[PDB]
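Survey of secondary and tertiary structure
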Amino acid sequence: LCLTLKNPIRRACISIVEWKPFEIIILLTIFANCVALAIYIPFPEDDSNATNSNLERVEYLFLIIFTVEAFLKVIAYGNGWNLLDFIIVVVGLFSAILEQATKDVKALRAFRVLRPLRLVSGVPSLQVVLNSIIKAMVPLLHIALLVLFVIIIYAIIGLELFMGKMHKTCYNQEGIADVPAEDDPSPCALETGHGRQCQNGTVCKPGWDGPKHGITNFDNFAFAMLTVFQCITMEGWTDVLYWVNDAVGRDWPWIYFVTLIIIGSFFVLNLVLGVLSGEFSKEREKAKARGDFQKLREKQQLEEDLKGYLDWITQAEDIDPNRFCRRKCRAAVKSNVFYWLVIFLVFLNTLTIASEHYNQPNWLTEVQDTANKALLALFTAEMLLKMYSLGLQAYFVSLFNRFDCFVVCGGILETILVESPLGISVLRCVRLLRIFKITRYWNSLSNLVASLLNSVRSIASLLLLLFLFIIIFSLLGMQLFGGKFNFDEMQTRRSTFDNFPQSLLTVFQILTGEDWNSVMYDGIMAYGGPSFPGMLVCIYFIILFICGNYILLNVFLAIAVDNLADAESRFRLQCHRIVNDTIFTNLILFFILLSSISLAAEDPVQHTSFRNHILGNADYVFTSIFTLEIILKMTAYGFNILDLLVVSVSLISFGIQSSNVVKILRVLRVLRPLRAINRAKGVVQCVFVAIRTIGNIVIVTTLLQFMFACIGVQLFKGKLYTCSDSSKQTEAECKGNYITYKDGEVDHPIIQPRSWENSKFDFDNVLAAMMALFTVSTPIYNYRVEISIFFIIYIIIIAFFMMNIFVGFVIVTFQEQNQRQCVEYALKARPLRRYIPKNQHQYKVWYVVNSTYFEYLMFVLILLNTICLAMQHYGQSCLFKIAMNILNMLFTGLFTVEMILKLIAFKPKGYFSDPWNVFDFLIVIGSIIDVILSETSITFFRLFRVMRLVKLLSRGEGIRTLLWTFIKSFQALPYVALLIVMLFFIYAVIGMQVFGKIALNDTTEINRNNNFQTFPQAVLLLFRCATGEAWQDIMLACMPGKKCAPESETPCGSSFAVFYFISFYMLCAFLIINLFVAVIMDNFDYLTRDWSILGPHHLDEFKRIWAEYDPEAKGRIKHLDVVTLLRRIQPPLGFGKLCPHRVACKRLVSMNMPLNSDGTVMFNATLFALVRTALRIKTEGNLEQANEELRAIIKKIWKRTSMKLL
Ligand SMILES: COCC(CCO[C@H]1CC[C@@]2(C)C(=CC[C@H]3[C@@H]4C[C@@H]5O[C@]6(CC[C@@H](C)CO6)[C@@H](C)[C@@H]5[C@@]4(C)CC[C@@H]32)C1)COC
Ligand SMILES: COc1cc(Br)c(C[N+]2(CCOCC[C@@H]3CC[C@@H]4C[C@H]3C4(C)C)CCOCC2)cc1OC
Ligand SMILES: [Ca+2]
């Protein structure tokens, strides 16, 4: 609200003078402070260098410039973004002057990290990106109102069952001390609770603050909400589960987590993608509206024009003939002789480069040098000759040719240099150009590189914003937690806000979630213990994992949806009788249905306890059953390739007579039902096509990992070798023994032996680098920091194109996959009634129960109950528990009132005729039974209460619709769901049979809580791997050499492991992306709709208004509609304030009405007429055009007695 106090002059006319010069110096000051907050090293205690104090000095210049600017601009006016300036200044000068005499800014001076926001504010280049980002999150606020609901429901349920049970721990050795359990202490359970039982001479006893310093316990509510949150982010969900499993037994803890994950992450994860993608498409559409794609095609056609007449200017000297040389080189460049030859020289040169390996003899070193020397001469002559034939200009024009020239110059440079080793290696890394000069598989290579340039160029500004955000947080990190990480442990923390470099690293790790929850603890245990004010440090490590990851996802998607696409665009008779009748069909479906359970249910540990034992006979019998499947065999043999798999499984089943591997090779039975579902008809080739696409994509990554690492060899060879004794720095020096003090105990000398060892990720040869590169997918700073960044790029590049080729590849799936729908909701739609009270008493209550207020009150009471179950700590004064129980009684009683009232405002059937009403009924009865039991399992009848909260979700249209929609599409994902369960099942039986008897050792990863001995536990282990939870280690635990279990009676743990787990991870990821894509695509109408124009949801309102003015199940409205016709019409539909008594009536009578009586016209007439006015318009004569159009097209000519219009 501009004051417009235009007091003549000298108000403004100061910053008005030299706008651009004065604006810039402020921006330069901002950039100087962004580089001033990144020096001050934050320190232990109060020590300071000269610079720090000297930067506090220049903060007294940045706090005289920002104040004169502020006041001079105030004089002008005295809005939004400028508020940031004002608050930063206020807090600033303040803080200082306050502290001026004080000589604990921290917080008070941890605000200046908000100054780099003025970098966004001033520069308008990314300010638009910030509005786009902000304006894209507006739709997905319903999803932020639901992630919160799931968390709350889960936290509440959780504190109720598992709170306070995690406090024991094997606490001794029948002597006197502390948790002995190695280190890892894990809730233990007394000899009566079926939890872990403690062994040896250990004893369980109360104490142990917690599972993990007390911050991973459902004790108390806040710890509970936070635990659930850390838990849904799939960052150690298995661990919380194991601690809980240890404390309360293993039977029911798991259901609660599997759900939390499936309903919390997979389901919730999809919505954000669906909401975000729909938004991108809207933007993509606006962009298409621009016509840019067509313009880009015209630019490429211009490019081929300059080439196609570049050959013409080349020929221009043919009539001007020196000339001979020109003609020769022209033929050459065209002559394949040059092409194939040069391609060959590439690979061979490529070879030379890879040849380099540590400890290389001259046999190699000599050869490499000799080759390069000549190979380099080769490329030169060729490029040089290609210069003349081609048009110098156009030759330099083609990006690739230009890069070629650049790198040949690199060779010249390195040669004249030889006339540091690192620099030479770098130049040779540059020479990997030719390596890809051949443009192998350019079909993709070219597109990916071209796209890569386009893609990277496209998201420049978004990347800028990401970087600004990261820098801001890192500065806050060093200010907030910097210096507070001295926990007095020689333990080396990779994550520490000691300095900005590390600060950035910590932030990135948190963003990547490598150990982000762990980093939380550092701060939340730094500033203070796991107490009250010591947790307001966590409110930070989240704001970074949601916001950062949000921006990160926004930036990615863009790559995809917004580029890839733009870029990519007698006896036999009777036999049939029986074998066609249900019996020899739906019945057989059963004979395998439960037969499949045979492999699913088996004892794969103990030898032949009846259990395992007898199960052989059933196999035998199902197999005689498959012989019977021979009576059906020649019935009509030579959809039967399925029948050959029946033949094979049947034969190996009879082959079970005396055989092992074959036995375990019987899981094909499960797949005998999968065919039946695709047989629900509705492609095999498409599947094959998808598989081919996937394989192809594997190869791109593979070759990249090759070239990237051939870079590593040249750069890191021989710089990881080291000795155990840090003092020694030469292989020769490292010979003998040294002394190590356990945990830095001066009184704990340990005579270890010195050894010269190469570190992990040994780039000693292309090969090891190769596998390490896989290892990242599957010292501290000696030279590590550098390697670090190398181990971040393979990533970027990898994803960058693994996605590019794939998601863009997919869309064809979408190719395969409003006015009409609105017509069909106007036609083929019937009006509804509403229960009216037939009795006076039945009525008063009705008015009330339906009185809006009553609903208002109900919700208030609901909030209160949950605010009464939330407060349940670990140690609550008994008075308090009594209070809580009495309160629950009051609440249950109040809900009884409503149930009974409603049943007296709506007849029994009416109340019960509504799902929500029945839900309420159930909650109430169960809650009352709980009350009874208490006044007197029990716990189950208690959780109930909490659930009610859900009914608060059956409210806002925004949230109601989204869920309903996706739920209304979580059935059209069958084929990508049966497929997934099939996977789990098969892999599990297989697994339980090979990696099964591996003995269980709590110290390893095949512990009693993640074993492979009962179908259920194996499916849980596979779900962990799928959820990407350290699947790796489980895998290592399944390699040969593990001892066989005692009941099994080291011949165990077959090597197949790698194939299994890796194959599993891969297949799972795919099937899952297929799931998400399937869902969203199928529901891609809601995910993108111009709510402005008319849709169905904008149309149902008419029924709820019409029935409001309509007694029974009726139609045939009275003429007194003259009021309601526009009484309450959504302005998108009709008018909103315009005089109702306008032509509105004359026009509604203007079109002909159906030849009915005075009051025998349906609601369909008014509805469809309003829709028509709301949609495409037509004139007279077109009356019949419209009529025939309706009864020829919209659901074809669905016969309708639509007499006259509408
Ligand atoms: C009705 O049909 C309309 C259809 C609309 C076109 O749909 C586009 C919308 C984006 C969409 C659905 C498309 C392709 C792959 C989809 C992606 C797979 C990736 O998977 C993820 C999962 C999570 C990430 C870790 C990796 O990538 C998502 C980010 C990514 C994803 C789900 C984002 C959405 C993408 C194309 C056109 O029809 C011809
Ligand atoms: C109703 O008819 C149907 C229509 C469609 Br579309 C589908 C879905 N399908 C299956 C989706 O994935 C099939 C491709 C493969 C299935 C196995 C995994 C992941 C991927 C496969 C590559 C490894 C049918 C096959 O091609 C199109 C996609 C199933 C139907 O049921 C037969
Ligand atoms: Ca992880």
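Residues numbered from 1 in each chain as written, not as in the entry; some residues may be left out. Chains lettered and ligands numbered in written order. Part of a larger assembly, values for the part shown. Heavy atoms only, no water. Residues with missing side-chain atoms left out of burial classes, pairs and counts.

Listed as the method for this PDB entry is cryo-EM; the listed resolution is 3.2 Å.

As a matter of local geometry, ligand 2 sits amid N678, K681, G682, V683, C686, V687, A690, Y975, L979, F1070, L1071 and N1074. Look at ligand 2: alone it shows 670 Å² of surface, and the protein chains cover 60% of it. Contributions of two or more residues to the shell around ligand 2 are made by α31 (684–716) and α45 (1057–1082). Of the residues in the shell around ligand 2, the class split is eight nonpolar, three polar and one charged. (Near = heavy atom within 4 Å. Areas by Shrake-Rupley, 256 points an atom, 1.4 Å probe, with all protein chains shown as cover. Helix = DSSP H or I, 4+ residues; strand = E, 2+ residues; numbered from the N terminus. Nonpolar A, V, L, I, M, F, W, Y, C, P; charged D, E, K, R; others polar.)

On to the state of the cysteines. Under the defined criterion, the tally for this structure stands at four disulfides. Each sulfur in the disulfide pair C170 and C198 lies 2.0 Å from the other. Highlighted residues: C170 in strand β1 (residues 168–170) and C198 in the loop between β1 and β2 (204–206), separated in sequence by 28 residues. Accessibility expressed as a relative area gives 3% for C170, which makes it buried. Paired through a disulfide, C723 and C734 show a sulfur-sulfur distance of 2.0 Å. Measuring handedness by torsion sign, the sulfur bridge of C723 and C734 sits at about 65° and is right-handed. One end of the pair, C723, is in strand β3 (residues 722–723); the other, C734, is in the loop between β3 and β4 (737–741), with 11 residues separating them in the sequence. For the pair formed by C723 and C734, the shared burial category is buried. Across the chain, the way the bonded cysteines pair up, counted in sequence order, is 1-3, 2-4, 5-6, 7-8. (Disulfide = S-S within 2.5 Å. Buried < 20%, exposed > 50% of the residue type's maximum accessible area, 1.4 Å probe, protein only.)

Attention now goes to the environment of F970. You can see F970 is positioned in the loop between α41 (957–967) and α42 (978–994). Once residues within four sequence positions are removed from consideration, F970 is found in contact with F267 and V1079. (Contact = heavy atoms within 4.5 Å.)

With respect to the helices and strands, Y77 occurs in the loop between α3 (62–76) and α4 (82–102). In this structure the C-alpha to C-alpha distance between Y77 and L3, which are 74 residues apart in sequence, comes to 7.3 Å.

With that settled, the discussion passes to the pattern of salt bridges. Considering all chains together, one arrives at 20 salt bridges under this definition. Among the salt bridges present, the one from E279 reaches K282, with a minimum N-O distance of 3.8 Å. Here the residue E279 and the residue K282 both occupy positions in helix α10 (residues 253–290), the gap between them amounting to three residues, near one helical turn. Judged by relative accessible area, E279 falls into the buried class, the value being 16%. Judged by its relative accessible area of 30%, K282 falls in the partly exposed class. Where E1005 meets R1024, a salt bridge forms, and the shortest distance between an N and an O atom there is 2.5 Å. A residue pair is termed long-range when its members are at least 10 positions apart, and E1005 in the loop between α42 and α43 (1015–1026) and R1024 in helix α43 qualify at 19 residues. Residue classification places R1024 among the buried residues on the basis of a relative accessible area of 8%. One salt-bridge network, in which partners are shared between bridges, spans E56, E59, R109 and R112. (Salt bridge = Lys/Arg side-chain N within 4 Å of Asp/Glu carboxyl O.)

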